[PDB]
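J.: I would like the atomic coordinates for the input below:
(one chain, ligands or ions: 4)
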Amino acid sequence: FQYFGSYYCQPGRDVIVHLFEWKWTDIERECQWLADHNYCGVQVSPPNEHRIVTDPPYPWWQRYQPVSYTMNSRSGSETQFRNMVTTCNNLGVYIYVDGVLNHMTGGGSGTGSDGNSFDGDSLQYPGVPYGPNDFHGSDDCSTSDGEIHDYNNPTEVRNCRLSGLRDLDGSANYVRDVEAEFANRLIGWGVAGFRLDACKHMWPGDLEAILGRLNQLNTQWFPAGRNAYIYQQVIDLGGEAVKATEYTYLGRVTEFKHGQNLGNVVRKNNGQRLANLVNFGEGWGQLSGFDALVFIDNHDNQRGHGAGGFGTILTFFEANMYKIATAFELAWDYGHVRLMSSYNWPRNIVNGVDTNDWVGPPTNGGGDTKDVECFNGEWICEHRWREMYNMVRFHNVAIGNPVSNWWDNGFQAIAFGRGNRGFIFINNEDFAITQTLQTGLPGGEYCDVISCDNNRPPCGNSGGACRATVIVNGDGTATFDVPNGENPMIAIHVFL
Ligand SMILES: OC[C@H]1O[C@H](O[C@H]2[C@H](O)[C@@H](O)[C@@H](O[C@H]3[C@H](O)[C@@H](O)[C@@H](O[C@H]4[C@H](O)[C@@H](O)[C@@H](O[C@H]5[C@H](O)[C@@H](O)[C@@H](O[C@H]6[C@H](O)[C@@H](O)[C@@H](O)O[C@@H]6CO)O[C@@H]5CO)O[C@@H]4CO)O[C@@H]3CO)O[C@@H]2CO)[C@H](O)[C@@H](O)[C@@H]1O
Ligand SMILES: OC[C@H]1O[C@H](O[C@H]2[C@H](O)[C@@H](O)[C@@H](O[C@H]3[C@H](O)[C@@H](O)[C@@H](O[C@H]4[C@H](O)[C@@H](O)[C@@H](O)O[C@@H]4CO)O[C@@H]3CO)O[C@@H]2CO)[C@H](O)[C@@H](O)[C@@H]1O
Ligand SMILES: [Ca+2]
Ligand SMILES: [Cl-]
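T.: Numbers count the residues shown, from 1 in each chain. Ligands and ions are numbered 1, 2, ... in the order given. Next up is the structure itself:
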């Protein structure tokens, strides 16, 4: 039985970006920028035919209610999808499909994004086709409303309806065949892998049966005999009967503890200290790095969906702390890193819940999506922020080097290197620090890539606040002058 947790990237590329609700034409155009900045790939929103919800008007979450496995979605047509995949693959930037296999729609009836009808009440999905026999039901789920309530009951979690979403019978050969045909069609077009939605709600044995039906990647671009890359969404913050460790034998698993812990640390919640990150990773009770897909925030928890709440996870709304957490995550050596890329919406937290957590992407009406224009107040484009992409370059130069030359002052300042390739100093204190440290880097003149454009003089001041150059002495020490406040961190590194 094959393992699907290994990704495939061009040399010098590694980090993934979730281009949440981006249209295919925009992702196709973005792949040139992503390749130039040595990102490895893109997670795309569910591309199959999905529900069109008009009350409320065209929420993002309509794409998590499949109507069929045809390929006309809010992000564009099948033609536009295949154009995107071909162009991106040709640039060495790969595509990971948000694959929604646990369920179809909730209740009610309507027309999906490709003109096929559905009826959640009668369990009729003629575009597939699925009927009542293809779903779990009262024989499989004994809760009074048929929905999931008790996360200490694995059978309930896996056989009942997640928030009323009609729950497919993943044990049936027909459903396994239909879902593998969908995945294999995507793979045949050049898709490199999948973010598998709601895997906590599916039996690992059913996922194993589906994955065992997959074809290997398309050799127009990928090496012969290469399994697709599979990472599985399982929210495991402890204290439940379904565990992430149940899924790691199939592929990687989303490590939600990672963003919870880094959010709490950088926020200094309940007396947390940055110095505690000295052993961050598996030693914090998390998955092994090889098993983990890691990220500061995702499309659910930036808007309170999933575990819930707004006092821990860091997002673009907390931009300064968010950059600190992401910089640490990119400079560290733990997990496959995914960066969220968001759109703005009128987040309105009332009694701990965002009342507008349903709002979809920038739109002119009718359920369309507007062309991306980064930094216009509608598209956030975190992956295009200099502090992000320069730390992606830092991360790339550092690939294969362990953490070295760790230093901490005991509280909210840390520093560490990656072999002889890069060094970062993070000052999360409310004061300024002047500290000479062994960097492990060759002597020379370096630029702070958090504030400057380049890694060596001329440093480049496109952001307007490029700091004075950092001198690494012949002995490898450098004196770091890091004021507290905005971007309170200095990162330096060598060239490839
Ligand atoms: O139709 C009848 C039906 O109406 C109501 O339900 C509807 C609901 O109000 C409406 O918002 C929508 O549901 C959305 C959902 O709100 C969105 O979040 C989105 O859900 C997908 C999500 O984006 C995915 O990333 C993925 O995340 C899931 C996890 O896989 C789950 O495990 C679960 O996390 C739980 C976690 O595991 C636990 O440890 C604990 O922390 O609690 C968490 C749950 O709070 O939830 C997350 C986040 O949703 O999977 C989701 C599904 O793909 O998209 C949904 C579909 O559009 O549609 C509902 C159906 O109409 C009403 O509430 C029902 O009672 C009623 O039967
Ligand atoms: O070439 C395009 C642009 O490049 C340069 O802009 C950079 C910035 O120098 C970076 O600092 C960063 O900008 C982020 C910023 O770090 C982040 O804090 C956030 O700022 C928001 C803020 O959250 C919000 O409160 C409010 O004040 O609006 C700010 C943004 O206007 O988001 C910024 C990105 O929008 O990344 C950009 C792009 O790399 C250069 O300075 C620009 O002149 C240039 O157009
Ligand atoms: Ca299920
Ligand atoms: Cl996810």
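J.: Just the buried residues of stretch 153-170, please?
T.: Applying a neighbour-count criterion of 16 or more other CB atoms under 10 Å, the buried positions in stretch 153-170 are 153-154, 156-162, 164-170. C-betas here are computed from N, CA, C, even on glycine.
J.: So the nearest residue to residue 51 once chain neighbours are set aside versus residue 88, what's the distance?
T.: Closest residue in space to residue 51, ignoring its immediate chain neighbours: residue 65 at 3.9 Å, by CB to CB, 6 or more residues apart in numbering. From residue 65 across to residue 88, the span is 27 Å (CB to CB, to the nearest Å).
J.: neighbour count winner among those two?
T.: Comparing residue 65 with residue 88 by other CB atoms under 10 Å, the one with more neighbours is residue 88, at 26 against 23.
J.: So the more buried one versus residue 228, what's the distance?
T.: 16 Å.
J.: before we move on, back to that, in helices, which of the buried residues of stretch 153-170 appear?
T.: Applying DSSP state H to the buried residues of stretch 153-170, the entries found in helices are 154, 156, 157, 158, 159.
J.: Dump these to JSON lines, plus distance to residue 232.
T.: Compiled in JSON lines, those are given as follows (distance: CB to CB, whole Å):
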{"residue": "154", "distance to residue 232": "16"}
{"residue": "156", "distance to residue 232": "19"}
{"residue": "157", "distance to residue 232": "14"}
{"residue": "158", "distance to residue 232": "13"}
{"residue": "159", "distance to residue 232": "18"}
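J.: Tell me the one among these nearest to ligand 2.
T.: Taking CB to the nearest ligand atom as the measure, ligand 2 lies nearest residue 157 of these, at 37.3 Å.
J.: for the residue nearest to the spatial centre of the chain, phi and psi?
T.: Compute the mean C-alpha point of the chain, and by CA atoms, centre = their mean the closest residue is residue 338, 4.2 Å away. Per-residue torsions, residue 338: phi -120, psi 130 (degrees, to the nearest 10).
J.: does any part of stretch 135-148 sit near ligand 3?
T.: No: shown here: stretch 135-148 not in contact with ligand 3 (CB under 5 Å from the ion), separated by at least 6.4 Å.
J.: just checking, residue 171 touches residue 204?
T.: No: using CB atoms under 8 Å, residue 171 makes no contact with residue 204, being 11.8 Å away.
J.: measure residue 76 to residue 297 for me?
T.: In terms of CB to CB, residue 76 sits 26 Å off from residue 297.
J.: who has more neighbours, these two?
T.: Using other CB under 10 Å, the more surrounded residue of residue 76 and residue 297 is residue 297, with 24 against 21.
J.: do you know how far that one is from residue 16?
T.: 14 Å.
J.: do residue 59 as well
T.: Taken as CB to CB, the span from residue 59 to residue 16 is 25 Å.
J.: Then residue 348?
T.: 30 Å.
J.: try residue 58
T.: 26 Å.
J.: cool, residue 86 as well?
T.: From residue 86 to residue 16 the distance is 19 Å (CB to CB).
J.: Residue 184 too?
T.: From residue 184 to residue 16 the distance is 22 Å (CB to CB).
J.: What residues does the closest residue to residue 419 other than its chain neighbours make contact with?
T.: Closest residue to residue 419 apart from its sequence neighbours, by CB to CB, 6+ apart: residue 401 at 3.0 Å. The contact partners of residue 401, by CB atoms under 8 Å, 6 or more residues apart in numbering, come to 333, 418, 419, 420, 421.
J.: go on, residue 182?
T.: 48, 69, 99.
J.: Please look at residue 13 and residue 38 and confirm they touch.
T.: Yes: here residue 13 reaches residue 38: they are 4.8 Å apart, a contact under CB under 8 Å.
J.: Within range of ligand 1, give me the residues from the stretch 101-250 of the chain.
T.: Within the stretch 101-250 of the chain, the positions adjacent to ligand 1 are 106-107, 147, 151, 162-165, 197-198, 200, 233, 235, 240 by CB under 6 Å from any ligand atom.
J.: ok, residues contacting stretch 68-80?
T.: Against stretch 68-80 from outside (CB under 8 Å, 6+ apart): 21-25, 27-28, 44-50, 58, 62-63, 81, 84, 112-116, 125, 127-128, 178-179, 181-182, 185, 367-369.
J.: Please disregard the earlier target; I meant stretch 239-256.
T.: Stretch 239-256 is contacted by residues 3-5, 151-154, 157-158, 196, 199-200, 204, 207-208, 211, 229-237, 286-288, 291-295, 298, 301, 306-307, 335-336 when judged by CB under 8 Å, 6+ apart.
J.: what about 7 Å?
T.: 4-5, 151-154, 157, 199-200, 204, 207-208, 211, 230-237, 286-287, 291-294, 307, 335-336 (CB atoms under 7 Å, 6 or more residues apart in numbering).
J.: Would you mind checking the contacts of stretch 68-80 for buried ones?
T.: 21-25, 27-28, 44-50, 58, 62-63, 81, 84, 112-114, 116, 125, 127-128, 178-179, 182, 185, 367, 369.
J.: returning to that earlier point: now, among the contacts of residue 182, which is nearest to ligand 1?
T.: Nearest to ligand 1 among the contacts of residue 182: residue 99, at 10.5 Å, using CB to the nearest ligand atom.
J.: what sits against that closest one?
T.: Counting by CB under 7 Å, 6+ apart, residue 99 has contacts 183, 194, 195, 196, 197.
J.: Closest to residue 121 out of these?
T.: For the contacts of residue 99, the residue nearest residue 121 by CB to CB is residue 197; the value is 22.6 Å.
J.: tell me the contacts of the nearest residue to that closest one once chain neighbours are set aside?
T.: Sequence neighbours aside, residue 100 is the residue nearest to residue 197 in space, at 4.5 Å (criterion: CB to CB, 6+ apart). By CB under 7 Å, 6+ apart, the contact list for residue 100 reads 46, 64, 66, 197.
J.: Check residue 316 too.
T.: Residue 316 touches 322, 342, 380, 382, counting by CB under 7 Å, 6+ apart.
J.: How much space separates it from ligand 1?
T.: 18 Å (CB to the nearest ligand atom, to the nearest Å).
J.: Looking at neighbours, which among the contacts of residue 99 is most surrounded?
T.: Busiest of the contacts of residue 99 [other CB under 10 Å] is residue 196, holding 28 neighbours.
J.: Verify the stated contact: that residue with residue 229.
T.: No: using CB atoms under 7 Å, residue 196 is not in contact with residue 229; the gap is 10.7 Å.
J.: Flag every buried residue along stretch 398-415.
T.: 398, 399, 403, 404, 405, 407, 408, 412, 413, 414, 415.
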